[PDB]
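Let me begin by presenting the structure, written as structure tokens, before commenting on it.
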Amino acid sequence: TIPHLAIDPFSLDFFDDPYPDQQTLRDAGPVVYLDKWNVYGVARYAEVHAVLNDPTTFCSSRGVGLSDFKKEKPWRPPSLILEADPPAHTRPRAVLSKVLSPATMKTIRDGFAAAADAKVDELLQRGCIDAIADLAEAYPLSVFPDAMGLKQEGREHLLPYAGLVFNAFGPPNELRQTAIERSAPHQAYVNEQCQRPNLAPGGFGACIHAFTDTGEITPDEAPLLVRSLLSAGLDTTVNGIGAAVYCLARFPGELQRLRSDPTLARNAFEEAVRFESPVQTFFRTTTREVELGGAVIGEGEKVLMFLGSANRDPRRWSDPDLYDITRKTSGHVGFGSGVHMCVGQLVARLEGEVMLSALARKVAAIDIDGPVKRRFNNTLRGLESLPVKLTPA
Ligand code: HEM
Ligand SMILES: CCSc1ccc(C(=O)O)cc1
Ligand SMILES: [Cl-]
């Protein structure tokens, strides 16, 4: 009943151009079996959305990577939020929700926007830049570690730790095993910065620790929740802003629309999250036998969701393969959906908005003027290098 496919969604060929293989996955049926890794796959919007929105049947506490925590030892202590189910999930979720709240956004917005304008002005002096190292990486690196309250020393470890995290959701291929081999110093740095004494007053980290007396979390939970923000909050935004710039460079008509109405900046970023989905895939584990898209999946089975594919499903989206900054994007699953829907989305959107705003006001053209290089990762999609020429408005 369920079709069996030999496509490896964690192969370099697949990362290099996933879209044909994703259509193959979608069109094979609502539920496929991937023989390469012995997991179920869902690549259509309807099923991805369904799975995300049934956390009881499709749980996160057995890991959202290939590895099933009931069978194997997690490579690091489980995340208290990503890798928990309700009810254990609920109160740590509420804390991060309050730390990364509207009111917090209001306190950091002017500083994030100043840094974005400053960076763009700086890049315009150089003219010819690498939009990944010099922009997509540089800008979040200039605001997010400070917003966390991290010391200056050791920040070089943040992006490698994050790449390690996203590679570790994948299967035990060479990307994963190589990241884990080199992980020790990145883990040591991160875990040490998660302790209260190391997090500057006023920051997200110190705020998490200050929530440890409300009865929502205990002091011994706070360092792992800081760990969550250091895992999830930098590299994703780097790839999201990277996606946006790449899109504006490939769709000059849309840069021109953005320039003419900079208030389109927030939706232009959202549409880039749909179009390139920085977080491409991750898993759930079935807690019982279940019927999904007319197919029967047994208990204790891993289910691979293709978020990027869901976001390009022509069953859901008109002209899914176009970047349209005035698209009604609501419903996209680039930030997930349901109880685990990205708790950091206000931070991401704020970074993305104020950067695209800066570009909209200061830049007349973005032309690729060098070889584009992709960065390969088991679950993150994004570029290694994007040489562009920026023309000042
Ligand atoms: C464009 C940028 C981002 C993207 C595409 C993204 C994507 C996602 C997705 C797809 C999920 C759902 C995972 C699941 O359902 O298992 C998620 C959850 C989460 N994200 Fe984000 N994220 C981004 C930015 C951020 C930022 C900036 C932070 C922190 C400041 C953050 C922290 C988290 C955390 C802690 C979770 C776990 C939430 C939960 O399990 O309730 N993310 N993210
Ligand atoms: C899979 C969505 S991105 C993400 C990575 C790490 C964590 C965490 O460490 O809790 C949360 C979300
Ligand atoms: Cl760790």
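All residue numbers for the sequence shown refer to UniProt numbering, where the first residue is 18 and numbers rise by one.
Where is the CB? At the ideal position from N, CA and C, for every residue including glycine.
Leaving out the 5 sequence neighbours to the left and right, which residues in its chain are closer than 7 Å to residue 146 when beta-carbon positions are compared?
140, 152, 405, 407
Residue from 261, 21, 142 with nearest C-alpha to residue 56:
21
Which ranges would you report for the alpha helix (DSSP H) in the segment 78-123 if only whole runs of at least 4 residues count?
Listed in chain order, the complete alpha helix (DSSP H) runs (minimum 4 residues) inside the segment 78-123 are 107-116.
Assign residue 341 to one of two classes, buried (16 or more other C-beta atoms within 10 Å of its C-beta) or exposed (fewer than that).
buried
Just the Cα atoms here: how many angstroms apart are residue 48 and residue 58?
6 Å
In the DSSP output, what is residue 264 paired with across the bridge?
Paired residues: none, contrary to the question.
Buried or exposed: residue 165, going by 16 or more other Cβ atoms within 10 Å of its Cβ?
buried
Ligand 2 heavy atom lying under 8 Å from the CB of residue 291:
no
By the three-class DSSP mapping on this structure, what secondary structure does residue 391 have?
DSSP places residue 391 in strand when its eight states are reduced to three.
Give the secondary structure of residue 248 by DSSP, where H, G and I count as helix, E and B as strand, and everything else as coil.
DSSP, read as helix, strand or coil, puts residue 248 in helix.
Residue 240 to residue 191 span [Cα, whole Å]:
Looking at the two C-alpha atoms, the distance is approximately 30 Å.
Quick one: residues in its chain with C-beta nearer than 8 Å to the C-beta of residue 352, no 5 flanking neighbours on either side, listed in chain order?
290, 358, 359, 362, 365
Going along the chain, which unbroken runs of the alpha helix (DSSP H) with 4 or more residues stay wholly within the segment 278-315?
Within the segment 278-315, the runs of alpha helix (DSSP H) that reach at least 4 residues and sit entirely inside it are, in chain order, 282-293.
Give a single yes or no on whether residue 299 has its beta carbon closer than 8 Å to a heavy atom of ligand 1.
yes
Counted within 10 angstroms of its Cβ, other Cβ atoms place residue 313 as buried (16 or more) or exposed
exposed
Below 8 Å on the Cβ atoms is my contact criterion, and I expect residue 270 with residue 149 to pass it. Report the Cβ-Cβ distance as a whole number of Å.
Incorrect: roughly 23 Å between the Cβ atoms, too far for contact.
Using the Cβ count rule (16 or more neighbours within 10 Å means buried), how would you classify residue 50?
buried
Is the closest heavy atom of ligand 4 to the C-beta of residue 81 under 8 Å?
As far as ligands go, the structure on display features ligand 1, ligand 2 and ligand 3 and does not contain ligand 4.
Inter-stretch contact (C-beta, 8 Å, three-pair minimum) for the segment 391-399 and the segment 274-290:
no
Candidates 305, 41, 321, of which the one nearest residue 187 by Cα
Nearest of 305, 41, 321 to residue 187, Cα basis: 321.
Cβ-Cβ distance between residue 409 and residue 371 below 9 Å:
no
Tell me which same chain residues have a C-beta within less than 6 Å of the C-beta of residue 171, skipping the five on either side of it?
206
Going by DSSP in three states, residue 379 sits in which element: helix, strand or coil?
helix
Identify the residues that DSSP records as bridge partners of residue 75: which are they?
Paired residues: 303.
At which residues does the beta strand (DSSP E) containing residue 323 begin and terminate?
319-323
Closer than 8 Å to a non-hydrogen atom of ligand 2 - does that hold for the CB of residue 396?
yes
Quick one, which of 118, 330, 279 has its alpha-carbon nearest residue 37's?
330
Quick one: any contact between the segment 61-78 and the segment 300-310, if contact means 3 or more CB pairs under 8 Å?
yes
N- and C-terminal bounds of the beta strand (DSSP E) containing residue 18
Per DSSP, residue 18 belongs to no beta strand (DSSP E) and is neither H nor E.
From what residue to what residue does the beta strand (DSSP E) around residue 59 run?
56-59
Residue environment, residue 339, which counts as buried when at least 16 other CB atoms sit within 10 Å
exposed
Residues near residue 114 in its chain [Cβ-Cβ closer than 8 Å; skip 5 each side]:
360
For residue 80, does the count of other Cβ atoms within 10 angstroms reach 16, so buried, or fall short, so exposed?
buried
Looking at the strands, I want to know which residues DSSP matches up with residue 146.
DSSP, once it has assigned bridges, lists 405 as partnering residue 146.
Measuring straight from C-alpha to C-alpha, what distance separates residue 103 and residue 41?
Near 34 Å, if we compare the C-alpha coordinates of residue 41 and residue 103.
State the Cα-Cα distance for the pair residue 119 and residue 126, rounded to the nearest angstrom.
10 Å
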